[PDB]
Amino acid sequence: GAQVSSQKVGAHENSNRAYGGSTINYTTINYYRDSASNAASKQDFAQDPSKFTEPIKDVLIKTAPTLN
Amino acid sequence: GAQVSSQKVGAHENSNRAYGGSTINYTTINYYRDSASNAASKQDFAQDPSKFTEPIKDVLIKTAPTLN
Amino acid sequence: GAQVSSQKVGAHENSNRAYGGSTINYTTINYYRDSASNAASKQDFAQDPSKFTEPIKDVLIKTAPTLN
Amino acid sequence: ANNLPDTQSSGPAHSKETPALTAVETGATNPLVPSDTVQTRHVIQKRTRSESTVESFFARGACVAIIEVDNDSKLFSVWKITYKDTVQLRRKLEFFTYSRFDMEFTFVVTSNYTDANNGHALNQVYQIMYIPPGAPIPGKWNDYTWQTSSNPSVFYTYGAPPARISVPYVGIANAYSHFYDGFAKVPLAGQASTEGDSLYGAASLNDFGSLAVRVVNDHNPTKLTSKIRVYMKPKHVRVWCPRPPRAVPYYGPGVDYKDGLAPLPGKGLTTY
Amino acid sequence: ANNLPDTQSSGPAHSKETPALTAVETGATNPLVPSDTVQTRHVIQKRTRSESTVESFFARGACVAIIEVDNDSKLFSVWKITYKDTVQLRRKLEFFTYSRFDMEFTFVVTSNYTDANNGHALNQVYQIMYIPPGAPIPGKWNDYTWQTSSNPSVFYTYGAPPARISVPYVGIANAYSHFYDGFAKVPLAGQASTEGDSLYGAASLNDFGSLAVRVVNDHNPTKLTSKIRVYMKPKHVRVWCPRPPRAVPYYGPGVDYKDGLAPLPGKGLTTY
Amino acid sequence: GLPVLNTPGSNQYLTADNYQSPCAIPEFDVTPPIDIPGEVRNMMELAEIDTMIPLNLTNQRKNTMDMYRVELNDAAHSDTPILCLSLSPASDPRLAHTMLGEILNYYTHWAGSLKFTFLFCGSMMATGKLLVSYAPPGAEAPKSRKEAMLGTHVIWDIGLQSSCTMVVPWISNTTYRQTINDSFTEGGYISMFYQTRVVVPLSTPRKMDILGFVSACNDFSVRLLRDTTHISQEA
Amino acid sequence: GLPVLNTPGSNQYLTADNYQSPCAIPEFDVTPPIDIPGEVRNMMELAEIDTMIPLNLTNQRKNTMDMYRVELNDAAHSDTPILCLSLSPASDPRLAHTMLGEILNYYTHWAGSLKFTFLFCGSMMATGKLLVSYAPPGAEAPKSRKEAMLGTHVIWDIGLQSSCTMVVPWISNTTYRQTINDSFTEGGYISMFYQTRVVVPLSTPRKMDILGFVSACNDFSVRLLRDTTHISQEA
Amino acid sequence: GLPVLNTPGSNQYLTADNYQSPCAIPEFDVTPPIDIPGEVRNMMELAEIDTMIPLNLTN
Amino acid sequence: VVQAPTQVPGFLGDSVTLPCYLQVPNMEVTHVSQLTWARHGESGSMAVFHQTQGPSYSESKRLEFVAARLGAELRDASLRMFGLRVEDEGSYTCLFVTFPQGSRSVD
Amino acid sequence: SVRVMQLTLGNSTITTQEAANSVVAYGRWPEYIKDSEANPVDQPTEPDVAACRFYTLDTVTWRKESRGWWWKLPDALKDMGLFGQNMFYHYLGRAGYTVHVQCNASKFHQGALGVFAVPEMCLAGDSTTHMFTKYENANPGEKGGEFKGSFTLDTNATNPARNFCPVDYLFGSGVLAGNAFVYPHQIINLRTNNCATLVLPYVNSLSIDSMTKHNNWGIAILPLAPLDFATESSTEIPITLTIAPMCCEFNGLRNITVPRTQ
Ligand SMILES: COc1ccc(OCc2ccc(COc3c(Cl)cccc3Cl)cc2)c(Cl)c1
Ligand SMILES: COc1ccc(OCc2ccc(COc3c(Cl)cccc3Cl)cc2)c(Cl)c1
């Protein structure tokens with residue numbers, strides 16, 4: 001039940017282990033039945049800001065005149 | 001001897017790990033020989049209340065007259 | 001997600017385990033998502049000192065006259 | 001939590017396309033990038049927004065309460081669960097209207113002799129009992145309620161690493177409301193003014209219940225005080241409807257204000 | 001971190017190749033080996049440079065600060081983060097102009113009664129809060145800033161193994177500069193001398209922020225002092241541009257000198 | 001049992017750790033979610049929405065609705081600035097309290113491009129051309145249109161499209177700037193001038209307001225979460 | 001839970017340990033690296049670069065630029081040494097402060113070959129032959145050219161190639177020597193003599209300087225990291 | 001031994017935890033079960049049985 | 001320790017100074033000793049006297065800074081606000097930074 | 001074009017020749033409750049055309065001195081035809097809206113109105129007692145309320161007003177008004193447009209709620225640039241508000257609710 005993800009290496013050691021292998025991976029295993037007990041995975045996604053930045057009914061191009 | 005079950009995720013993180021993978025599973029291993037030492041699995045079943053709610057000899061339909 | 005490397009055995013015990021097998025290997029597993037949390041692998045490479053010892057434009061042979 | 005787009009090189013322009021001109025009346029923000037108004041070079045973007053994700057923004061244990069007990073009714077204390085007793089976490093949560101997450105509670109317990117040269121006591125054990133709305137609240141530091149046959153309790157031994165427990169999403173709605181524009185009651189026509197009156201913006205009188213804390217050891221005449229600092233961290237976070245942050249000082253559980261109403265300093269219009 | 005080459009046997013010579021003669025004016029070092037100037041035997045080399053790798057050279061926890069707090073404003077202290085408060089680690093880092101690494105911080109906490117026969121206190125808990133440049137600095141050992149809703153804090157219980165945390169590469173440049181030949185400001189023509197003046201070799205006024213340390217327990221009239229010794233170890237190290245090491249005593253954060261300007265002893269030219 | 005060795009850091013409490021812990025309310029039937037409109041995934045999404053800038057912080061206007069209004073008039077052409085600002089998004093008093101500035105105050109570093117949009121609120125009969133400018137740090141802050149015109153600038157012609165956007169490109173020495181006023185990571189100057197002049201016919205108001213807006217571009221990012229000074233608590 | 005047993009060494013703090021620990025600033029967007037010129041991978045790379053030796057530590061010359069200059073002259077041939085040195089790279093005052101000596105003072109053991117390069121800074125019209133020597137320990141330190149010539153030596157003829165290198169081979173009993181003055185691991189003696197004599201014509205300077213350089217060979221290594229005595233801190 | 005790091009929450013006693021523990025009476029010969037009538041699996045089964053309401057609470 | 005006496009009228013016209021004295025005990029002397037001033041004030045988040053090495057004017061053009069700076073002292077610094085309009089209060093703060101404990105002061 | 005539109009709902013049609021597009025809040029169009037998000041089990045009532053139509057609330061007048069106006073939904077529509085009837089006859093109710101604000105002037109007038117739709121628009125009170133505003137004051141109906149230029153604390157202890165005191169630059173809730181642009185909005189700048197149109201989906205932490213106890217949306221109108229004309233210090237232009245509920249569905253029918261008033 002182990003989950004193996006890879007790390008985003010910031011500072012690199014003068015090793016090939018700093019660039020590949022299990023040496024740039026980390027392992028995770030959940031010990032509790034309730035999902036609330038789990039830690040945060042932090043592999044979180046993003047989205048389009050459009051719902052806030054452009055909640056416009058009739059879609060407009062920036063090059064084209066906004067007021068038409 | 002590890003037992004791998006899946007959790008019933010309540011609050012979901014903005015990750016795909018919150019929806020799939022070993023990240024929504026939990027692992028268990030018994031360390032003791034006596035079953036008494038074990039924790040509760042909590043994957044418990046339900047049953048029909050009929051033995052209490054309708055301990056009637058001649059089965060009756062709700063749409064149909066009870067006193068016949 | 002375990003990384004298995006071999007050790008450079010210095011003092012040898014009067015065992016065959018001191019010369020081979022998993023007995024001269026060591027195991028590693030990363031527990032943290034951030035690479036900063038990792039220990040140093042210490043399997044570090046070397047390089048050519050030439051950039052410091054001979055930062056000369058026109059490469060010269062030691063047997064041959066330096067001033068030509 | 002990802003990458004940002006590269007800057008593409010952009011040369012001069014002489015066209016009928018004018019991205020610089022717009023009309024903000026529509027309610028939209030002009031999505032311009034540098035190459036729209038100036039000549040740019042190609043830049044391979046390596047910066048990411050990994051630390052500004054909703055999760056990383058809240059992934060910190062914030063203090064929400066400091067419960068105090070004097071082991072010489074003060075032999076036990078009760079804290080009504082809330083995030084509004086402090087200001088820092090509260091302000092961050094209020095960037096959004098609704099939220100849904102799990103909670104991690106860490107308890108830092110400290111104690112000391114009130115007297116520099118008097119009294120002595122053996123190591124203390126604390127009991128932190130959660131009293132869900134409806135359960136009997138302790139009247140004495142040692143009455144029957146502390147049997148916790150159903151209420152979750154945490155027994156902490158002084159000096160041990162801070163205690164920590166996780167709580168699932170416990171709301172009775174599909175999300176926690178940071179703002180509730182309403183009442184719990186509707187006054188009906190004909191009833192006395194005393195009737196049907198309730199607080200504005202309040203839901204249940206007892207939303208999440210409270211914590212009852214006490215020292216389990218028999219109290220000695222020695223003067224001692226303990227403080228349990230409660231730290232809470234939202235994990236597995238989802239938030240809805242952004243709102244402008246609090247600009248003036250908080251004045252209670254509501255959006256009420258009173259004191260620091262002039263937050264901005266003076267600065268010349270033409271002064272850099 | 002590897003092997004050294006074997007010595008090959010070398011016999012006598014009588015040739016027009018003269019590796020012994022050179023011209024150091026070129027700026028190069030003569031790459032001679034023993035067999036170039038003497039007759040050698042074959043030696044199978046087994047020595048390696050495993051311990052002199054840049055990583056192994058720095059792989060040690062060095063003391064960079066001793067923060068002191070008197071639990072009877074001294075109830076809390078603030079330390080501006082730096083590696084120049086001590087000399088040993090500083091001198092090693094300065095063998096290079098630039099560096100890039102992660103950091104591991106270990107905190108050794110000690111405390112004691114000032115009085116041999118007076119006072120008593122229960123076990124202390126410490127809070128080490130990191131205040132990034134910009135965050136509010138504590139004014140009292142117990143003001144709102146200690147809620148740490150966003151600042152990273154470490155709560156240490158006296159007597160527990162030394163606390164330890166890791167920090168990523170946090171520089172705003174692509175590498176840390178051990179030397180900065182410049183200023184943060186350029187004085188412009190016309191402005192008052194008070195204007196545009198800044199320290200030579202200084203970048204930001206607040207590079208990495210500081211640490212705020214305090215004892216969380218309520219202070220007792222008892223006289224107590226605690227000291228937090230901060231140890232830092234660079235891990236995952238990369239360094240650029242070697243420099244000669246510091247020969248005379250340090251005189252501040254800069255390369256300034258004043259006192260031990262005559263480091264070398266006397267020795268006869270023809271004395272072994 | 002299995003032989004273990006306790007390493008330094010044991011029994012500590014790092015406020016920013018990420019570990020598992022036992023659940024105090026096991027087997028709890030969690031209320032499922034519903035699709036509520038307006039969900040947010042990243043704080044940077046909020047920094048990309050136009051927010052009105054309190055440009056007029058003069059003693060009579062600060063902390064009133066007038067702090068948002070910058071007045072223009074039909075006077076003859078002048079080379080003096082209409083407004084001046086420093087590119088310190090988290091610290092300049094005029095930028096520090098916008099949605100963008102509020103978010104930047106929870107972080108220690110910022111990097112990326114910004115854009116300023118100006119809305120003309122004069123009558124339809126009013127016309128005019130304005131010069132919006134951005135000067136990277138290092139030289140004297142522009143005090144005349146002549147100096148401003150030598151840096152990044154957009155000449156705004158007023159008409160049907162009521163607004164105009166000027167993008168302040170990411171021009172920096174360091175890879176990230178600090179969210180505090182610091183000369184080492186200084187950002188430059190923003191200023192506005194009259195290109196020609198505001199012209200109105202008879203029976204038309206000779207003075208009108210313009211409103212300014214600020215938002216982050218798609219290459220904007222922040223790092224190192226910290227505490228803000230924008231909220232306090234006494235006692 | 002899983003039964004464990006705590007072994008001795010638990011809860012200690014070894015200054016040289018290598019364990020993992022939690023990150024205090026999680027999800028931090030690290031600034032990527034750039035290819036900066038002059039990167040170093042091993043400290044031994046620095047020990048292989050020629051560094052000038054402060055050979056003249058006489059009271060008037062020590063701690064001045066003159067400590068690096070060893071003067072020669074056109075006097076008639078003499079068998080007395082021009083200079084004398086002991087092969088104690090980390091402890092001899094003349095070697096202890098060179099780049100090589102500085103690095104050796106951070107280690108307890110050293111092994112390998114060394115090379116000494118001498119630069120003739122006389123005029124072009126000056127000629128001469130010199131004998132550079134190395135005598136392994138155990139006998140009387142050479143005081144005349146006659147004794148020096150019996151050990152390892154290079155006869156340097158001055159001319160176009162301005163410099164001459166003498167390699168001091170690794171001749172030792174122990175596999176590693178100590179970086180302190182200790183007779184058990186003593187290294188021997190280095191000395192220089194006139195082979196013929198320095199000769200100059202008329203209208204030419206009769207005295208000139210030579211500069212010495214020292215660096216490690218490719219078979220040089222050090223071990224056992226220790227603290228240097230070359231840096232201190234009072235109060 | 002294997003290097004470990006103690007996390008907060010260590011040595012605490014959560015009244016609602018679910019862990020394993022050693023058995024104080026090992027190898028005990030447990031009496032097997034018999035099929036007793038009326039077994040219950042969920043408390044909600046009991047809530048579904050009609051129960052008489054005390055409607056007349058007058059003094 | 002912090003011992004600021006500045007509770008000053010303050011005369012208008014103007015102009016007068018806005019001082020800040022931090023007398024230093026006494027055997028554990030203070031560095032780094034940069035001095036910050038935050039107004040009170042729509043502070044989001046600047047109208048600041050900050051002084052790292054060279055005195056930096058965070059933009060309130062109408063300021064005068066008089067401390068023996070670019071070197072050190074340390075800080076019993078005096079500020080001045082001219083002018084000359086009633087850009088009033090509100091309030092002002094005076095916060096210092098320190099290698100020992102003192103990244104802190106008083107409003 | 002972006003400027004000409006026609007909206008038809010039920011028996012009501014709205015035309016405009018000077019629009020600036022329309023905003024659909026959070027990009028969500030109103031919808032009915034799906035079976036997977038359903039809660040109350042009883043059959044809902046969906047009045048459709050009888051309730052989902054344009055209702056014109058009272059016209060307010062904009063002057064140089066106006067500070068702003070506010071309304072609460074569904075509150076402002078509680079007395080509107082069959083929508084109000086269904087609201088009061090049912091325990092639970094849900095609806096989305098099409099808000100159309102109208103304001104025409106001339107080419108020689110100036111001024112800009114910021115029209116914001118705020119979910120859970122909680123306003124600040126007038127006393128030192130927290131959350132003291134009473135139901136009757138919080139729910140003004142179609143007449144709504146107004147913003148003030150400053151906070152004035154109610155001190156009458158004998159007869160507290162128990163009302164709101166929404167200061168304009170503080171957005172009536174302790175936040176800066178310039179940041180209110182993070183909420184769905186449009187701007188009626190007199191030199192550009194006649195109106196503002198916003199389509200609001202149902203927003204709440206529940207699928208359905210009590211319309212009498214809870215107001216889901218708040219409509220705030222603030223003069224961003226004050227009204228000015230030619231040389232007439234005296235200028236007044238009306239602002240009419242027309243709102244249409246959408247996808248109305250009610251649950252829990254019983255006797256009608258008659259709330260206490262004034
Ligand atoms: C929107 O932001 C929110 C929403 C809900 C919150 O509190 C809900 C809540 C409900 C129950 C418990 C009980 O938790 C505990 C238990 Cl079982 C056992 C022991 C100790 C605790 Cl501590 C704790 C918090 C908070 Cl603090 C912020
Ligand atoms: C070239 O050599 C260098 C470069 C940078 C350095 O310091 C950078 C630095 C930045 C932030 C922190 C903050 O670290 C901490 C945190 Cl998050 C939490 C708790 C405690 C600490 Cl301690 C610590 C150091 C040092 Cl010491 C040497």
# chains A, B, ... in the order shown; residues from 1 in each chain; ligands from 1
$ interface_residues --of "chain A" --to "chain E" --cutoff "9 Å" --atoms "only C-alpha atoms" --output "PyMOL selection string"
chain A and resi 10-15+18
$ residues_around --residues "residue E:60" --least-positions-apart "5" --cutoff "6 Å" --atoms "only C-alpha atoms" --output "ChimeraX atom specification"
/E:233 /G:15-16
$ residues_near_ligand --ligand "ligand 2" --cutoff "7 Å" --atoms "only C-alpha atoms and all ligand atoms" --output "ChimeraX atom specification"
/E:81-83,93,99,105,128-130,152-154,165,167,170,176-178,208-209,211,232 /G:24-25
$ residues_around --residues "stretch 80-89 of chain F" --least-positions-apart "2" --cutoff "7 Å" --atoms "only C-alpha atoms" --output "PDB file with N, CA and C atoms, in the first residue's frame"
ATOM      1  N   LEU D 269      -0.107  62.655  -4.017  1.00  0.00           N
ATOM      2  CA  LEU D 269      -0.532  62.109  -5.304  1.00  0.00           C
ATOM      3  C   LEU D 269       0.633  62.018  -6.297  1.00  0.00           C
ATOM      4  N   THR D 270       1.511  63.009  -6.263  1.00  0.00           N
ATOM      5  CA  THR D 270       2.651  63.048  -7.161  1.00  0.00           C
ATOM      6  C   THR D 270       3.971  62.795  -6.448  1.00  0.00           C
ATOM      7  N   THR D 271       3.911  62.032  -5.367  1.00  0.00           N
ATOM      8  CA  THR D 271       5.100  61.694  -4.603  1.00  0.00           C
ATOM      9  C   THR D 271       5.370  60.210  -4.810  1.00  0.00           C
ATOM     10  N   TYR D 272       6.584  59.891  -5.244  1.00  0.00           N
ATOM     11  CA  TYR D 272       6.984  58.509  -5.474  1.00  0.00           C
ATOM     12  C   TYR D 272       7.174  57.789  -4.133  1.00  0.00           C
TER      13      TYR D 272
ATOM     14  N   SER F  78       0.430  70.758 -19.802  1.00  0.00           N
ATOM     15  CA  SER F  78       1.511  70.921 -18.825  1.00  0.00           C
ATOM     16  C   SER F  78       2.365  69.652 -18.848  1.00  0.00           C
ATOM     17  N   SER F  91       4.551  47.188  -0.424  1.00  0.00           N
ATOM     18  CA  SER F  91       4.858  48.233   0.546  1.00  0.00           C
ATOM     19  C   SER F  91       4.395  49.664   0.266  1.00  0.00           C
ATOM     20  N   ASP F  92       4.307  50.061  -0.998  1.00  0.00           N
ATOM     21  CA  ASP F  92       3.850  51.408  -1.324  1.00  0.00           C
ATOM     22  C   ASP F  92       2.426  51.499  -0.770  1.00  0.00           C
ATOM     23  N   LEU F  95      -0.448  50.764  -3.127  1.00  0.00           N
ATOM     24  CA  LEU F  95      -0.551  49.412  -3.670  1.00  0.00           C
ATOM     25  C   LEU F  95      -0.728  48.330  -2.615  1.00  0.00           C
ATOM     26  N   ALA F  96      -0.180  48.566  -1.429  1.00  0.00           N
ATOM     27  CA  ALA F  96      -0.215  47.616  -0.324  1.00  0.00           C
ATOM     28  C   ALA F  96      -1.582  47.132   0.151  1.00  0.00           C
ATOM     29  N   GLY F 101      -1.817  43.621  -3.348  1.00  0.00           N
ATOM     30  CA  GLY F 101      -0.959  43.957  -2.226  1.00  0.00           C
ATOM     31  C   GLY F 101      -1.262  43.165  -0.967  1.00  0.00           C
ATOM     32  N   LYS F 143      10.245  63.559 -13.641  1.00  0.00           N
ATOM     33  CA  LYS F 143       9.465  64.684 -13.158  1.00  0.00           C
ATOM     34  C   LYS F 143       8.829  65.511 -14.259  1.00  0.00           C
ATOM     35  N   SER F 144       9.126  65.156 -15.501  1.00  0.00           N
ATOM     36  CA  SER F 144       8.577  65.848 -16.646  1.00  0.00           C
ATOM     37  C   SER F 144       8.241  64.771 -17.644  1.00  0.00           C
ATOM     38  N   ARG F 145       7.378  65.089 -18.603  1.00  0.00           N
ATOM     39  CA  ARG F 145       7.001  64.127 -19.625  1.00  0.00           C
ATOM     40  C   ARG F 145       8.221  63.760 -20.456  1.00  0.00           C
ATOM     41  N   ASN F 181      10.110  47.507   1.459  1.00  0.00           N
ATOM     42  CA  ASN F 181      10.843  48.575   0.787  1.00  0.00           C
ATOM     43  C   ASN F 181      12.319  48.281   1.037  1.00  0.00           C
ATOM     44  N   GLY F 187      11.883  48.479  -7.551  1.00  0.00           N
ATOM     45  CA  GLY F 187      11.256  48.253  -8.842  1.00  0.00           C
ATOM     46  C   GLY F 187      11.109  49.343  -9.883  1.00  0.00           C
ATOM     47  N   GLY F 188      11.231  50.609  -9.505  1.00  0.00           N
ATOM     48  CA  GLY F 188      11.088  51.659 -10.501  1.00  0.00           C
ATOM     49  C   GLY F 188       9.938  52.596 -10.233  1.00  0.00           C
ATOM     50  N   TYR F 189       9.613  53.427 -11.218  1.00  0.00           N
ATOM     51  CA  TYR F 189       8.564  54.422 -11.056  1.00  0.00           C
ATOM     52  C   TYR F 189       7.468  54.421 -12.101  1.00  0.00           C
ATOM     53  N   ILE F 190       6.244  54.663 -11.652  1.00  0.00           N
ATOM     54  CA  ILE F 190       5.087  54.754 -12.538  1.00  0.00           C
ATOM     55  C   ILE F 190       4.613  56.211 -12.449  1.00  0.00           C
ATOM     56  N   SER F 191       4.323  56.819 -13.593  1.00  0.00           N
ATOM     57  CA  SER F 191       3.837  58.203 -13.627  1.00  0.00           C
ATOM     58  C   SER F 191       2.926  58.428 -14.829  1.00  0.00           C
ATOM     59  N   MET F 192       2.120  59.482 -14.768  1.00  0.00           N
ATOM     60  CA  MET F 192       1.204  59.811 -15.858  1.00  0.00           C
ATOM     61  C   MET F 192       1.335  61.292 -16.182  1.00  0.00           C
ATOM     62  N   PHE F 193       1.219  61.631 -17.462  1.00  0.00           N
ATOM     63  CA  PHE F 193       1.326  63.008 -17.932  1.00  0.00           C
ATOM     64  C   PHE F 193       0.267  63.256 -18.998  1.00  0.00           C
TER      65      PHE F 193
END
$ interface_residues --of "chain H" --to "chain F" --cutoff "9 Å" --atoms "only C-alpha atoms" --output "count of residues only"
15
$ closest_atom_pairs --of "chain E" --to "chain H" --cutoff "12 Å" --atoms "only C-alpha atoms" --output "JSON lines"
{"residue": "E:154", "atom": "CA", "partner": "H:8", "partner_atom": "CA", "distance": 11.3}
{"residue": "E:155", "atom": "CA", "partner": "H:8", "partner_atom": "CA", "distance": 10.1}
{"residue": "E:156", "atom": "CA", "partner": "H:8", "partner_atom": "CA", "distance": 10.9}
{"residue": "E:157", "atom": "CA", "partner": "H:8", "partner_atom": "CA", "distance": 11.3}
{"residue": "E:160", "atom": "CA", "partner": "H:6", "partner_atom": "CA", "distance": 10.4}
{"residue": "E:161", "atom": "CA", "partner": "H:6", "partner_atom": "CA", "distance": 10.0}
{"residue": "E:162", "atom": "CA", "partner": "H:5", "partner_atom": "CA", "distance": 11.5}
{"residue": "E:163", "atom": "CA", "partner": "H:5", "partner_atom": "CA", "distance": 10.5}
{"residue": "E:164", "atom": "CA", "partner": "H:5", "partner_atom": "CA", "distance": 10.2}
{"residue": "E:165", "atom": "CA", "partner": "H:5", "partner_atom": "CA", "distance": 11.6}
$ write_last_selection --atoms "N, CA and C atoms" --output "tab-separated table (two decimals), in the first residue's frame"
chain	number	residue	atom	x	y	z
E	154	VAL	N	8.77	26.30	15.89
E	154	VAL	CA	9.24	25.02	16.42
E	154	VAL	C	9.05	25.09	17.93
E	155	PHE	N	8.29	24.16	18.48
E	155	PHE	CA	8.06	24.11	19.92
E	155	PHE	C	8.92	23.01	20.49
E	156	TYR	N	9.88	23.40	21.32
E	156	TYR	CA	10.80	22.47	21.93
E	156	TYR	C	10.54	22.28	23.42
E	157	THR	N	10.46	21.03	23.87
E	157	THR	CA	10.25	20.71	25.29
E	157	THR	C	11.63	20.45	25.89
E	160	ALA	N	14.28	17.11	25.73
E	160	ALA	CA	14.06	16.25	24.58
E	160	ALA	C	15.28	16.34	23.67
E	161	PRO	N	15.48	15.35	22.77
E	161	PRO	CA	16.65	15.45	21.90
E	161	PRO	C	16.61	16.79	21.16
E	162	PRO	N	17.78	17.34	20.81
E	162	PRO	CA	17.84	18.62	20.10
E	162	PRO	C	16.86	18.68	18.93
E	163	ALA	N	16.17	19.80	18.77
E	163	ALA	CA	15.21	19.99	17.69
E	163	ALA	C	15.99	20.13	16.39
E	164	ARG	N	15.38	19.77	15.27
E	164	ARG	CA	16.06	19.86	13.98
E	164	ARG	C	15.08	20.02	12.82
E	165	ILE	N	15.37	20.97	11.94
E	165	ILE	CA	14.53	21.22	10.77
E	165	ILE	C	15.42	21.48	9.54
$ atom_distance --atom1 "atom CA of residue D:7" --atom2 "atom CA of residue A:19"
26.9 Å
$ interface_residues --of "chain B" --to "chain H" --cutoff "9 Å" --atoms "only C-alpha atoms" --output "number ranges by chain"
B: 30-41, 44-54
$ residues_around --residues "residue B:22" --least-positions-apart "4" --cutoff "9 Å" --atoms "only C-alpha atoms" --output "ChimeraX atom specification"
/A:1-4,28-30 /B:6,17,26
$ calpha_fit_and_write --fixed "chain B" --moving "chain A" --output "short mmCIF file (atom, residue, chain, number, x, y, z; two decimals) with C-alpha atoms, in the first residue's frame"
data_model
loop_
_atom_site.label_atom_id
_atom_site.label_comp_id
_atom_site.auth_asym_id
_atom_site.auth_seq_id
_atom_site.Cartn_x
_atom_site.Cartn_y
_atom_site.Cartn_z
CA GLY A 1 0.95 -10.27 5.80
CA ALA A 2 -0.14 -6.69 5.11
CA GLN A 3 -3.81 -5.92 4.54
CA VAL A 4 -4.49 -3.00 2.19
CA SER A 5 -7.96 -1.43 2.35
CA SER A 6 -9.30 1.78 0.86
CA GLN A 7 -10.54 4.78 2.80
CA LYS A 8 -13.85 6.57 2.28
CA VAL A 9 -12.52 10.03 1.46
CA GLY A 10 -14.66 12.79 3.02
CA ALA A 11 -13.00 16.15 2.38
CA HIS A 12 -11.05 16.14 -0.90
CA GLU A 13 -7.82 18.03 -1.43
CA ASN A 14 -7.29 19.75 -4.80
CA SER A 15 -5.17 16.73 -5.86
CA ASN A 16 -5.75 13.72 -8.05
CA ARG A 17 -4.23 11.78 -5.12
CA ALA A 18 -7.46 12.64 -3.24
CA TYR A 19 -9.40 10.67 -5.86
CA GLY A 20 -7.20 7.69 -6.66
CA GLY A 21 -4.02 5.71 -6.12
CA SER A 22 -2.49 4.26 -2.93
CA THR A 23 -3.06 7.77 -1.55
CA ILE A 24 -6.67 6.76 -0.69
CA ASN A 25 -5.67 3.33 0.69
CA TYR A 26 -4.39 2.44 4.14
CA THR A 27 -2.15 -0.45 5.18
CA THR A 28 -2.50 -2.83 8.15
CA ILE A 29 -0.24 -5.60 9.61
CA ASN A 30 -1.03 -7.67 12.74
CA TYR A 31 1.90 -7.97 15.12
CA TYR A 32 0.31 -10.25 17.72
CA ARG A 33 -0.62 -13.95 17.64
CA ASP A 34 -3.78 -13.55 19.73
CA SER A 35 -6.72 -12.07 17.83
CA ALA A 36 -7.61 -10.15 21.01
CA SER A 37 -4.57 -7.91 20.45
CA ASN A 38 -5.91 -6.84 17.08
CA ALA A 39 -7.54 -3.47 16.51
CA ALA A 40 -11.11 -3.26 15.16
CA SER A 41 -11.20 -3.36 11.33
CA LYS A 42 -14.43 -1.34 11.33
CA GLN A 43 -15.49 -2.74 7.94
CA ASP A 44 -18.73 -3.88 9.61
CA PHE A 45 -21.86 -5.20 7.95
CA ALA A 46 -25.56 -4.46 8.46
CA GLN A 47 -28.66 -6.67 8.40
CA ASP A 48 -32.45 -6.82 8.02
CA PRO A 49 -34.39 -5.36 11.04
CA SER A 50 -37.29 -7.69 10.20
CA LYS A 51 -36.59 -9.96 13.17
CA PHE A 52 -37.61 -6.97 15.33
CA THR A 53 -39.77 -4.82 13.05
CA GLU A 54 -41.89 -7.64 11.61
CA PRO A 55 -41.61 -10.88 13.68
CA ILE A 56 -44.87 -11.98 12.06
CA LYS A 57 -45.60 -15.57 11.10
CA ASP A 58 -47.75 -14.87 8.02
CA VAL A 59 -45.89 -12.24 5.94
CA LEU A 60 -47.98 -9.16 4.99
CA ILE A 61 -47.70 -6.45 2.24
CA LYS A 62 -48.00 -2.78 3.32
CA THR A 63 -50.35 -2.01 0.40
CA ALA A 64 -52.53 -4.98 1.34
CA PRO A 65 -54.88 -5.11 4.41
CA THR A 66 -52.97 -6.15 7.54
CA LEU A 67 -56.12 -7.64 9.12
CA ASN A 68 -57.47 -10.04 6.57
#
